[PDB]
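Asker: Okay, here's the structure, questions in a sec.
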Amino acid sequence: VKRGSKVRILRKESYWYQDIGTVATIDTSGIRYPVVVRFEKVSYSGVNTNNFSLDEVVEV
Amino acid sequence: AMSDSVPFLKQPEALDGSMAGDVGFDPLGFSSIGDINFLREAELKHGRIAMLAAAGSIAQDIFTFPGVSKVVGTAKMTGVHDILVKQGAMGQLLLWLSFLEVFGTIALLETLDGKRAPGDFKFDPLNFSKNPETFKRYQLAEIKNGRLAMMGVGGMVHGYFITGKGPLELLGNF
Amino acid sequence: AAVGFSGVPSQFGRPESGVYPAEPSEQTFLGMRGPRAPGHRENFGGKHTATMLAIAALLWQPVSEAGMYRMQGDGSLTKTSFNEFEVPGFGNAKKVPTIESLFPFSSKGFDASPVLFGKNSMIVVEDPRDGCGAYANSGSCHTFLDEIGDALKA
Amino acid sequence: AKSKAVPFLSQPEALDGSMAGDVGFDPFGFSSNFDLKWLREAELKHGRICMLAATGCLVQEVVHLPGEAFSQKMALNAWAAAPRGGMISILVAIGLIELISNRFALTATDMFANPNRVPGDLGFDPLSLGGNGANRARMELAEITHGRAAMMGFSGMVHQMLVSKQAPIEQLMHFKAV
Amino acid sequence: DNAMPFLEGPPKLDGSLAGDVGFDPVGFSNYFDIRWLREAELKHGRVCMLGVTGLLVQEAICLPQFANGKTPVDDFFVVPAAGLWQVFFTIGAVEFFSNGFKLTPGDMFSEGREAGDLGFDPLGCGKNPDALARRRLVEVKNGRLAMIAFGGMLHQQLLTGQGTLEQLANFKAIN
Amino acid sequence: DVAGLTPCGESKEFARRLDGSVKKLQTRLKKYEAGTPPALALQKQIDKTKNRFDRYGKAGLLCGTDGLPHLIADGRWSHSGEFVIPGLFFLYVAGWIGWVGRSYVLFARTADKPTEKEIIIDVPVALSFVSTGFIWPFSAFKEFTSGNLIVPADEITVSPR
Amino acid sequence: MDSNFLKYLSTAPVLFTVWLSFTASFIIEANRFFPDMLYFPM
Amino acid sequence: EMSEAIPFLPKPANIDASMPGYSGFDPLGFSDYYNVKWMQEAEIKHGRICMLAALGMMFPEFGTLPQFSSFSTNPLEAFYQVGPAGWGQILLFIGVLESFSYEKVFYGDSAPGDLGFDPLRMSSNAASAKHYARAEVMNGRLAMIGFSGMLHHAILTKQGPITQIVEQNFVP
Amino acid sequence: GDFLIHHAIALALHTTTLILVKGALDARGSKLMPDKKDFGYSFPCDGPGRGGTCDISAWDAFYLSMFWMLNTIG
Ligand code: CLA
Ligand code: CLA
Ligand code: CLA
Ligand code: CLA
Ligand SMILES: CC1=C(C#C/C(C)=C/C=C/C(C)=C/C=C/C=C(C)/C=C/C=C(\C)C#CC2=C(C)C[C@@H](O)CC2(C)C)C(C)(C)C[C@H](O)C1
Ligand SMILES: CC1=C(C#C/C(C)=C/C=C/C(C)=C/C=C/C=C(C)/C=C/C=C(\C)C#CC2=C(C)C[C@@H](O)CC2(C)C)C(C)(C)C[C@H](O)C1
Ligand SMILES: CC1=C(C#C\C(C)=C/C=C/C(C)=C/C=C/C=C(C)/C=C/C=C(\C)C#CC2=C(C)C[C@@H](O)CC2(C)C)C(C)(C)C[C@H](O)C1
């Protein structure tokens, strides 16, 4: 995956699980969840972006 | 580029002068809507049928075939139609003319394709039109007599509708 | 972006087809202009349709006067329905379906003819003008022009 | 910049004299809110139905099919007296004609999806009477004028039949003021 | 020569088949296989030749097993039903075995067999080619003639209620 | 007839209901002068009551021992107009409403701001959609068979099990 | 007509009220001209 | 590429000319969603049942079995006049026949309709096999339409098809 | 009247079943609270955050379904 790609989320506890977001930035340092994904639907707390690991993210 | 018959009107573009009887007469522009081949086939069919009907009205005034007076009585012109519909004459006539008009339909569609002149059934068993000039003169005479007989048979049947005489009885009686 | 009633599915977010055939100019007498298979307008164009309509109109004439015509002693003809035609070898089904089953004119009381409309099923024509004139009528005929004239003269 | 039919109003956008019968007459701005293709297809359909309907409203009084059920000179009486299965057959056949003639594209989102589909051009020319290029625009003008005149005439004929309880020609021959 | 001079010649009628004068105004050969049409024409004609002969013979000769009707068409309705079914199924057996159990336009001529040639030539009769061509022409012409003749004889026997030669003498007219 | 009920046009209790309603309106009519607008209104109500009871008595409706029409909804064709045909009319209208609403939602998803399309309706586009709903069963079935109605289970959000 | 006024007229409460009043008026006029329709007449 | 039954529509993707009754007719797109071979087997079975049914709506008007001579010629009355024992035997026979269809359809990979019933080997010739393959589906669809007609007409008239025709009882 | 009251009973049974089944099947977690099984069968809420989480436990679904049970037996 790369910046700007459309990805599906595989984190089970996530609000956007099996929904589609857009990758905004992939951090290169040793971060546990380096994939910033921005979503068009807001969560219950009103946020629309979250960080995920590579294995919680699949390109569509 | 004006009509010869109607000098203050333009010559219709579908008219050219090739067909017999062409005097540039289409003021309402019917040839601009329909095909000129369909129109000429229709004109020849109406004219030939009207020539036969005019001669038939004249001869049916003149005489009748043996036995027709018993079935018909003192009925002339269109008044026989219904009687001869209850009799088998008009059904047989319609059957055989319909059989002819099936091949007439095929011939008309052949003409609309462009493989056959309109009204050209190649029916000359007596070889009257040997010369092309005689062919042209007979073509002009056929179309002129067909138009004249169209008008004539219209007059005869509407005069029958008024007086109930017949075309030859009406001349001899006002 | 999306004009009302434009009819383009992509403007409405509707699933389109993509494949849109070209419109040929070939015309059929009793058919419609539109995309056809190769060979179609040459096998079933206006010639075929007109020929089949002619043949159908020809074959209508014995079908319209369908029945068993039997000559009598005086030479007259008695027409009786094909429903009374019995067949020898189909068990308890002596009466069988015939051409009059497919064209039951007498069941509907329709006097069919080879020209469709028959003597006892004739097209009814009557003059609506009631034998009076457009204007200046004295009787049971008061036209719109007469109403205009009487309205002006009062 | 002003409409030719209505000179005190500005010329409607998307009306530019291209279509037949275009005199710049759209004061309510229907063409500024809805597509002109659908409006022209609807206008031609309403007009053609009214051409057949006005011709029927005059002819059925003079000429009838045989039978008691077809003997009503007034058309609103002929609506009820005609056999019901026949009129339901007419409804179903009109539905099939509308379905097949528009080639399964019947709605405001899929009719005119094909770019070759022209408003009011169903491909209907049984005798090919349109085989003339300079005749075409005059033919479309004559068709739309006949359709508009037929719409006004049939609307009037129906409501005058309601007022007078008389068929149109015999209402004109036996006229009674309100 | 062409039977109809005002129409163009049918392209599928090349004059090879006997009886070809160019007569296909409807254009049946433009749609259907000419072998199927020729097989149908020969079958209709052969059945009609036998039918004309039957209408002429059943007018006078009745086998003592059966009991003759007033007309050879009425002769059909006096036979026992089982006998008519026997005749029908025997004809079906002949139709199955003469075509090699290939009875449809998709398989009748799959082995390249000639239309109307079912291999029935018992009494010699087929060695001279010059006689074979002329007898092909005679067979097709008499088949068509017997088709029209059989139609006329059956419809006239239905109308008058009398036999064919019984109507050729003492002829009455519709009145 | 069906379920021991009697037709309403021959039930005596149906006639008793009609007579009681007419008498209840007529005793109110008695206190007003003829030609007064209350008298005309009450007589119109009497006429409507009589016409309603006549129409219900001539419709083949079945009445129980209470004296009121009882509807049969088991599927029999002699009573198909009591539930089945109104049901078909409702199902046509409801499928129309659902189809045009779904079509507008899918159009609004394509807009620049979809939520603005939800609160401020594009009226010409919405009118186009509500025109499209007359053929909703065939359109919806073709949408279903082309994979455009049902979305797969791996593309819908679900809670942890 | 002002486009902003038309956009206000296209808002959900206004269009909701107009459409439901229009529907109610259909039901009311249908029941005025064809009252007491407990059943589909067949 | 366009459909050959409906020339203004695109050709349906999941039906081919290799299928015996193919005409390019799938305007609702059933083959795009459901299992095409299942629909082929189902069409063949519905058509075969309707071929037998269309023959059997007509045949008791010609003649009945001698034990069933007192049974009505209306099919919807003769349906009830058969006792539960005879219908149970018919159902058991149909179940024995459908056991083979169960095995082939849920556990086998034969051609659609192939239950192995070709005793006369009429599909040995290739052209004959192609004609028979198309003609079975054709007469099956025709019998589906015809039995539908015969059933609803027998509902309306309470008599068999030949009897309604010769009595000309064509109006409800 | 019997027809109407049995269909009202059908309403009440289906609705009480809806509350109880929705409580049992969302007892382990929902989109609003994906870790509900960590909090047990009964707890007050998860606070006013995420929109507010009043009566989110499965015990609360028991509590809501008790009123519907009283209504249906009534
Ligand atoms: C295997 C050779 C064979 C045999 C044994 C028979 C035997 C018979 N034929 Mg026959 N037939 C045959 C070949 C044969 N046919 C062929 C090839 C033809 C066509 C050219 C005919 C054409 C024919 C006609 C036209 C008639 C007979 C009739 C009869 C029956 C006369 C006795 C009768 O009336 O009482 C029997 C009376 C009954 C009421 C019983 C019904 C008849 C049963 C069904 C006969 C069963 C025959 C059996 C199936 C063999 C036939 C083979 C088949 C391929 C033809 C007799 C049983 C007559 C008949 O059936 O009269 C009724 C009759 O009119 N046949
Ligand atoms: C060979 C083809 C043929 C056949 C078999 C028939 C058969 C029949 N026609 Mg007929 N017909 C035909 C061709 C044919 N037609 C043609 C081509 C026409 C012209 C379009 C007609 C016009 C016609 C009419 C107008 C009438 C019949 C009638 C009849 C019936 C007479 C029955 C009877 O007892 O009379 C037996 C009569 C005879 C044996 C002697 C008749 C001899 C006549 C008089 C000679 C006529 C010669 C004629 C002028 C030549 C035609 C040339 C023409 C094309 C220019 C019968 C069904 C009549 C009918 O239906 O009455 C119930 C009737 O009124 N036909
Ligand atoms: C809007 C069109 C319309 C409608 C709804 C009706 C309705 C009716 N007509 Mg009428 N009629 C019409 C136009 C119409 N008419 C026209 C234009 C004519 C003149 C040809 C007639 C002549 C006519 C007669 C003579 C009689 C009726 C009668 C009747 C009644 C019974 C139905 C019947 O027998 O029809 C008969 C219909 C016709 C004879 C012709 C109809 C042809 C129409 C216009 C269809 C042509 C267009 C078609 C859709 C193809 C276009 C397809 C393409 C766009 C793809 C019924 C109330 C009968 C009746 O009750 O008497 C009062 C009767 O006796 N009609
Ligand atoms: C676009 C309209 C639309 C459509 C197609 C659906 C479709 C569905 N809904 Mg839903 N729903 C909608 C609007 C819609 N909903 C709205 C606006 C609400 C809030 C009130 C709900 C509340 C709701 C609940 C609470 C439930 C459903 C359920 C269902 C399902 C079963 C059908 C049903 O119960 O209908 C009944 C629908 C309602 C009672 C509410 C509909 C309100 C109006 C009448 C519809 C909206 C029309 C809209 C204004 C059209 C504008 C279009 C125009 C701009 C062109 C189905 C998936 C049920 C389910 O899950 O079943 C599996 C269920 O329990 N829906
Ligand atoms: C080509 C073809 C063949 C040919 C052929 C065919 C058979 C040709 C034969 C043709 C005949 C039928 C021609 C008919 C002309 C009729 C006239 C123009 C109508 C006149 C009416 C007017 C005057 C009038 C009227 C009037 C009014 C209205 C009312 C009345 O009160 C008075 C009155 C009557 C005076 C042949 C056989 C040669 C062979 C050839 O190889 C091929
Ligand atoms: C498998 C195979 C073989 C086997 C075999 C089997 C025995 C094959 C035999 C099969 C039969 C049952 C086929 C039946 C078709 C019936 C339909 C097409 C007729 C439908 C009528 C419709 C059109 C209609 C009707 C209409 C109704 C609606 C209304 C009416 O007013 C009019 C009308 C009546 C016209 C054998 C044994 C050879 C062995 C081989 O090795 C393997
Ligand atoms: C396309 C073409 C086809 C063609 C076709 C079709 C058949 C063409 C036919 C078109 C016909 C139907 C035209 C109809 C016009 C009627 C309108 C103008 C008028 C109503 C009059 C009004 C003013 C009025 C009224 C008035 C009312 C208000 C009040 C009353 O007191 C008075 C009055 C009654 C006067 C064909 C099939 C040939 C094939 C070809 O290949 C292609």
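In the structure tokens, each chain is lettered A, B, ... as it comes, each chain's residues begin at 1, and ligands are numbered from 1 in order of appearance.
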Which neighbours of residue A:15 fall inside 8 Å, counting only C-alpha atoms, when residues of the same chain fewer than 3 positions from it are skipped, and could you give them as a ChimeraX atom specification?
Answerer: /A:43 /F:157 /I:31
Asker: Give me the residues of chain D that have any atom at most 10 Å from an atom of chain H; for each, the nearest atom pair and the distance in Å, rounded to one decimal. Use only C-alpha atoms, sort by chain and number, and format it as JSON lines.
Answerer:
```
{"residue": "D:100", "atom": "CA", "partner": "H:8", "partner_atom": "CA", "distance": 9.8}
{"residue": "D:103", "atom": "CA", "partner": "H:8", "partner_atom": "CA", "distance": 6.7}
{"residue": "D:104", "atom": "CA", "partner": "H:9", "partner_atom": "CA", "distance": 8.6}
```
Asker: Mind listing the residues within 7 Å of ligand 6, only C-alpha atoms and all ligand atoms counted, as a PyMOL selection string?
Answerer: chain H and resi 51-52+54-55+117-122+139-140+142-143+145-150+161+165
Asker: Go ahead and write the selection's residues with N, CA and C atoms as a compact mmCIF listing (two decimals), in the first residue's frame.
Answerer:
```txt
# COMPACT_ATOMS: atom_id res chain seq x y z
N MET H 51 -44.31 -31.73 -20.85
CA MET H 51 -44.61 -32.52 -22.03
C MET H 51 -45.56 -33.66 -21.68
N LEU H 52 -45.23 -34.40 -20.62
CA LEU H 52 -46.14 -35.43 -20.12
C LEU H 52 -47.48 -34.84 -19.69
N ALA H 54 -48.99 -31.96 -20.69
CA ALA H 54 -49.78 -31.48 -21.82
C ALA H 54 -50.36 -32.63 -22.62
N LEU H 55 -49.65 -33.76 -22.70
CA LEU H 55 -50.27 -34.93 -23.30
C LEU H 55 -51.40 -35.48 -22.43
N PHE H 117 -30.80 -42.04 -19.80
CA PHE H 117 -31.95 -42.69 -20.43
C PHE H 117 -31.87 -42.45 -21.93
N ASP H 118 -31.11 -43.31 -22.62
CA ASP H 118 -31.11 -43.36 -24.08
C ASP H 118 -31.07 -44.81 -24.53
N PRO H 119 -32.17 -45.55 -24.35
CA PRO H 119 -32.15 -46.97 -24.74
C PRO H 119 -32.08 -47.19 -26.24
N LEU H 120 -32.75 -46.36 -27.04
CA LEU H 120 -32.72 -46.51 -28.49
C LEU H 120 -31.47 -45.92 -29.14
N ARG H 121 -30.63 -45.21 -28.37
CA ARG H 121 -29.39 -44.58 -28.85
C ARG H 121 -29.65 -43.61 -30.00
N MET H 122 -30.68 -42.77 -29.86
CA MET H 122 -31.01 -41.86 -30.95
C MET H 122 -30.07 -40.67 -31.03
N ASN H 139 -39.75 -28.27 -27.45
CA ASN H 139 -41.06 -28.84 -27.13
C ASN H 139 -41.34 -28.78 -25.63
N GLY H 140 -40.30 -28.77 -24.79
CA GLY H 140 -40.50 -28.57 -23.37
C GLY H 140 -41.02 -27.19 -23.03
N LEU H 142 -42.61 -25.22 -25.15
CA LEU H 142 -43.94 -25.18 -25.74
C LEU H 142 -44.96 -25.87 -24.86
N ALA H 143 -44.58 -27.01 -24.27
CA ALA H 143 -45.49 -27.72 -23.39
C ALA H 143 -45.66 -27.01 -22.06
N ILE H 145 -45.81 -23.66 -21.77
CA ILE H 145 -46.83 -22.68 -22.13
C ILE H 145 -48.20 -23.35 -22.30
N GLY H 146 -48.23 -24.48 -22.99
CA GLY H 146 -49.49 -25.15 -23.28
C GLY H 146 -50.18 -25.70 -22.06
N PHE H 147 -49.42 -26.30 -21.14
CA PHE H 147 -50.02 -26.80 -19.91
C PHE H 147 -50.50 -25.66 -19.03
N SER H 148 -49.75 -24.54 -19.00
CA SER H 148 -50.22 -23.36 -18.27
C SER H 148 -51.58 -22.91 -18.79
N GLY H 149 -51.69 -22.83 -20.11
CA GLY H 149 -52.96 -22.51 -20.73
C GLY H 149 -54.05 -23.50 -20.38
N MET H 150 -53.76 -24.80 -20.52
CA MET H 150 -54.76 -25.83 -20.29
C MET H 150 -55.24 -25.84 -18.85
N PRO H 161 -59.62 -29.73 -22.60
CA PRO H 161 -59.30 -28.81 -23.70
C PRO H 161 -60.07 -29.06 -24.99
N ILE H 165 -62.98 -26.69 -26.64
CA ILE H 165 -62.81 -26.22 -28.01
C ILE H 165 -64.05 -26.55 -28.85
```
Asker: Stretch 6-44 of chain A: which residues are strand (DSSP E or B) by DSSP, as a list in words?
Answerer: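 Filtering stretch 6-44 of chain A down to strand (DSSP E or B) leaves residues 6, 7, 8, 9, 17, 20, 21, 22, 23, 24, 25, 26, 35, 36, 37 and 38 of chain A.
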Asker: Could you write out the selected residues, including N, CA, C and O atoms, as a CSV table (one decimal), in the first residue's frame?
Answerer:
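Output file selection-v2.csv is given in full below:
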```
chain,number,residue,atom,x,y,z
A,6,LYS,N,-6.8,3.4,-1.9
A,6,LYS,CA,-8.0,3.0,-1.3
A,6,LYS,C,-7.9,1.7,-0.6
A,6,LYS,O,-7.5,0.7,-1.3
A,7,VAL,N,-8.2,1.6,0.7
A,7,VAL,CA,-7.9,0.4,1.4
A,7,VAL,C,-9.1,0.0,2.3
A,7,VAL,O,-9.9,0.8,2.7
A,8,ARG,N,-9.2,-1.3,2.5
A,8,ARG,CA,-10.2,-1.9,3.4
A,8,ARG,C,-9.6,-2.3,4.7
A,8,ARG,O,-8.4,-2.7,4.7
A,9,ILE,N,-10.3,-2.1,5.8
A,9,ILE,CA,-9.8,-2.2,7.2
A,9,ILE,C,-10.2,-3.6,7.7
A,9,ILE,O,-11.3,-4.0,7.6
A,17,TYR,N,-14.4,-1.2,10.2
A,17,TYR,CA,-14.0,-2.6,9.8
A,17,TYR,C,-14.7,-3.0,8.6
A,17,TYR,O,-16.0,-2.8,8.5
A,20,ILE,N,-14.0,1.3,3.6
A,20,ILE,CA,-13.0,1.8,2.7
A,20,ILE,C,-12.5,3.1,3.2
A,20,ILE,O,-13.4,4.0,3.5
A,21,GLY,N,-11.2,3.3,3.4
A,21,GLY,CA,-10.6,4.6,3.7
A,21,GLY,C,-9.5,4.9,2.6
A,21,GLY,O,-9.2,4.0,1.8
A,22,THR,N,-8.9,6.0,2.8
A,22,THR,CA,-7.8,6.5,1.9
A,22,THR,C,-6.5,6.6,2.7
A,22,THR,O,-6.6,7.3,3.8
A,23,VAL,N,-5.4,6.1,2.3
A,23,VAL,CA,-4.2,6.2,3.0
A,23,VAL,C,-3.6,7.6,2.8
A,23,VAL,O,-3.5,8.1,1.6
A,24,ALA,N,-3.3,8.3,3.9
A,24,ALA,CA,-2.8,9.6,3.9
A,24,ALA,C,-1.3,9.7,4.0
A,24,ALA,O,-0.7,10.6,3.5
A,25,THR,N,-0.7,8.8,4.8
A,25,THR,CA,0.7,8.8,5.0
A,25,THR,C,1.1,7.4,5.6
A,25,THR,O,0.4,6.9,6.5
A,26,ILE,N,2.2,6.9,5.1
A,26,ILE,CA,2.8,5.7,5.7
A,26,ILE,C,4.1,6.1,6.4
A,26,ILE,O,5.1,6.5,5.7
A,35,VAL,N,0.3,3.3,9.4
A,35,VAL,CA,-0.6,3.6,8.2
A,35,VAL,C,-1.7,4.6,8.7
A,35,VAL,O,-2.6,4.1,9.4
A,36,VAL,N,-1.6,5.8,8.3
A,36,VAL,CA,-2.7,6.8,8.6
A,36,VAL,C,-3.7,6.6,7.5
A,36,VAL,O,-3.4,6.8,6.3
A,37,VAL,N,-5.0,6.4,7.9
A,37,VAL,CA,-6.1,6.2,7.0
A,37,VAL,C,-7.2,7.2,7.4
A,37,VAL,O,-7.6,7.2,8.5
A,38,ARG,N,-7.6,7.9,6.4
A,38,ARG,CA,-8.7,8.9,6.5
A,38,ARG,C,-10.0,8.3,5.9
A,38,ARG,O,-10.0,7.8,4.9
```
Asker: Please return as a list in words: the residues of stretch 52-83 of chain B that backbone DSSP assigns to helix (DSSP H, G or I).
Answerer: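 Selecting the helix (DSSP H, G or I) positions of stretch 52-83 of chain B gives residues 52, 53, 54, 55, 56, 57, 58, 59, 60, 61, 62, 68, 69, 70, 71, 72, 79, 80, 81, 82 and 83 of chain B.
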Asker: Can I get the selection written as a PDB file, in the first residue's frame, with N, CA, C and O atoms?
Answerer:
```pdb
ATOM      1  N   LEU B  52     -61.101  -0.707 -67.176  1.00  0.00           N
ATOM      2  CA  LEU B  52     -61.932  -1.904 -67.167  1.00  0.00           C
ATOM      3  C   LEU B  52     -63.313  -1.621 -66.589  1.00  0.00           C
ATOM      4  O   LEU B  52     -64.318  -2.106 -67.113  1.00  0.00           O
ATOM      5  N   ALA B  53     -63.389  -0.796 -65.544  1.00  0.00           N
ATOM      6  CA  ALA B  53     -64.677  -0.491 -64.926  1.00  0.00           C
ATOM      7  C   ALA B  53     -65.543   0.389 -65.821  1.00  0.00           C
ATOM      8  O   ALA B  53     -66.766   0.224 -65.856  1.00  0.00           O
ATOM      9  N   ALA B  54     -64.929   1.333 -66.537  1.00  0.00           N
ATOM     10  CA  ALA B  54     -65.666   2.177 -67.471  1.00  0.00           C
ATOM     11  C   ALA B  54     -66.239   1.356 -68.618  1.00  0.00           C
ATOM     12  O   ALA B  54     -67.434   1.468 -68.940  1.00  0.00           O
ATOM     13  N   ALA B  55     -65.400   0.512 -69.233  1.00  0.00           N
ATOM     14  CA  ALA B  55     -65.875  -0.366 -70.300  1.00  0.00           C
ATOM     15  C   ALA B  55     -66.921  -1.343 -69.782  1.00  0.00           C
ATOM     16  O   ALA B  55     -67.881  -1.669 -70.490  1.00  0.00           O
ATOM     17  N   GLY B  56     -66.769  -1.791 -68.535  1.00  0.00           N
ATOM     18  CA  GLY B  56     -67.752  -2.675 -67.941  1.00  0.00           C
ATOM     19  C   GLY B  56     -69.092  -2.010 -67.717  1.00  0.00           C
ATOM     20  O   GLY B  56     -70.131  -2.616 -67.968  1.00  0.00           O
ATOM     21  N   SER B  57     -69.090  -0.769 -67.226  1.00  0.00           N
ATOM     22  CA  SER B  57     -70.342  -0.040 -67.044  1.00  0.00           C
ATOM     23  C   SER B  57     -71.045   0.194 -68.376  1.00  0.00           C
ATOM     24  O   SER B  57     -72.267   0.009 -68.480  1.00  0.00           O
ATOM     25  N   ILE B  58     -70.274   0.537 -69.417  1.00  0.00           N
ATOM     26  CA  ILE B  58     -70.845   0.735 -70.752  1.00  0.00           C
ATOM     27  C   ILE B  58     -71.457  -0.561 -71.283  1.00  0.00           C
ATOM     28  O   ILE B  58     -72.605  -0.581 -71.747  1.00  0.00           O
ATOM     29  N   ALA B  59     -70.714  -1.670 -71.200  1.00  0.00           N
ATOM     30  CA  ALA B  59     -71.201  -2.926 -71.767  1.00  0.00           C
ATOM     31  C   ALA B  59     -72.330  -3.531 -70.943  1.00  0.00           C
ATOM     32  O   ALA B  59     -73.237  -4.151 -71.508  1.00  0.00           O
ATOM     33  N   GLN B  60     -72.290  -3.378 -69.619  1.00  0.00           N
ATOM     34  CA  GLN B  60     -73.378  -3.845 -68.769  1.00  0.00           C
ATOM     35  C   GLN B  60     -74.642  -3.024 -68.974  1.00  0.00           C
ATOM     36  O   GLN B  60     -75.746  -3.538 -68.764  1.00  0.00           O
ATOM     37  N   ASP B  61     -74.514  -1.749 -69.359  1.00  0.00           N
ATOM     38  CA  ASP B  61     -75.676  -1.071 -69.928  1.00  0.00           C
ATOM     39  C   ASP B  61     -76.100  -1.700 -71.250  1.00  0.00           C
ATOM     40  O   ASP B  61     -77.298  -1.869 -71.500  1.00  0.00           O
ATOM     41  N   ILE B  62     -75.134  -2.023 -72.117  1.00  0.00           N
ATOM     42  CA  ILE B  62     -75.458  -2.502 -73.461  1.00  0.00           C
ATOM     43  C   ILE B  62     -76.129  -3.872 -73.413  1.00  0.00           C
ATOM     44  O   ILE B  62     -77.191  -4.079 -74.012  1.00  0.00           O
ATOM     45  N   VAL B  68     -77.673 -13.962 -66.230  1.00  0.00           N
ATOM     46  CA  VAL B  68     -77.431 -12.939 -65.219  1.00  0.00           C
ATOM     47  C   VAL B  68     -78.704 -12.158 -64.913  1.00  0.00           C
ATOM     48  O   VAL B  68     -78.886 -11.673 -63.791  1.00  0.00           O
ATOM     49  N   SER B  69     -79.605 -12.031 -65.891  1.00  0.00           N
ATOM     50  CA  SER B  69     -80.846 -11.293 -65.673  1.00  0.00           C
ATOM     51  C   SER B  69     -81.764 -11.993 -64.678  1.00  0.00           C
ATOM     52  O   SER B  69     -82.524 -11.327 -63.968  1.00  0.00           O
ATOM     53  N   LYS B  70     -81.723 -13.326 -64.629  1.00  0.00           N
ATOM     54  CA  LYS B  70     -82.526 -14.066 -63.660  1.00  0.00           C
ATOM     55  C   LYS B  70     -82.049 -13.818 -62.233  1.00  0.00           C
ATOM     56  O   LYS B  70     -82.858 -13.560 -61.334  1.00  0.00           O
ATOM     57  N   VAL B  71     -80.737 -13.904 -62.008  1.00  0.00           N
ATOM     58  CA  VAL B  71     -80.188 -13.713 -60.669  1.00  0.00           C
ATOM     59  C   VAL B  71     -80.278 -12.250 -60.247  1.00  0.00           C
ATOM     60  O   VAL B  71     -80.582 -11.940 -59.089  1.00  0.00           O
ATOM     61  N   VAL B  72     -80.029 -11.334 -61.176  1.00  0.00           N
ATOM     62  CA  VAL B  72     -79.898  -9.920 -60.848  1.00  0.00           C
ATOM     63  C   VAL B  72     -81.238  -9.196 -60.899  1.00  0.00           C
ATOM     64  O   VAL B  72     -81.567  -8.421 -59.996  1.00  0.00           O
ATOM     65  N   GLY B  79     -75.455  -1.618 -57.565  1.00  0.00           N
ATOM     66  CA  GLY B  79     -76.577  -2.359 -57.027  1.00  0.00           C
ATOM     67  C   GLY B  79     -76.490  -3.857 -57.231  1.00  0.00           C
ATOM     68  O   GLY B  79     -77.133  -4.607 -56.489  1.00  0.00           O
ATOM     69  N   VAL B  80     -75.720  -4.320 -58.220  1.00  0.00           N
ATOM     70  CA  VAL B  80     -75.576  -5.765 -58.353  1.00  0.00           C
ATOM     71  C   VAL B  80     -74.613  -6.343 -57.317  1.00  0.00           C
ATOM     72  O   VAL B  80     -74.758  -7.528 -56.975  1.00  0.00           O
ATOM     73  N   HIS B  81     -73.699  -5.513 -56.773  1.00  0.00           N
ATOM     74  CA  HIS B  81     -72.565  -5.959 -55.952  1.00  0.00           C
ATOM     75  C   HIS B  81     -73.024  -6.842 -54.799  1.00  0.00           C
ATOM     76  O   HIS B  81     -72.670  -8.028 -54.736  1.00  0.00           O
ATOM     77  N   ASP B  82     -73.927  -6.305 -53.968  1.00  0.00           N
ATOM     78  CA  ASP B  82     -74.455  -7.029 -52.814  1.00  0.00           C
ATOM     79  C   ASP B  82     -75.138  -8.326 -53.224  1.00  0.00           C
ATOM     80  O   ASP B  82     -74.916  -9.369 -52.595  1.00  0.00           O
ATOM     81  N   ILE B  83     -75.933  -8.286 -54.305  1.00  0.00           N
ATOM     82  CA  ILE B  83     -76.592  -9.493 -54.803  1.00  0.00           C
ATOM     83  C   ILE B  83     -75.550 -10.526 -55.199  1.00  0.00           C
ATOM     84  O   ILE B  83     -75.582 -11.679 -54.747  1.00  0.00           O
TER      85      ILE B  83
END
```
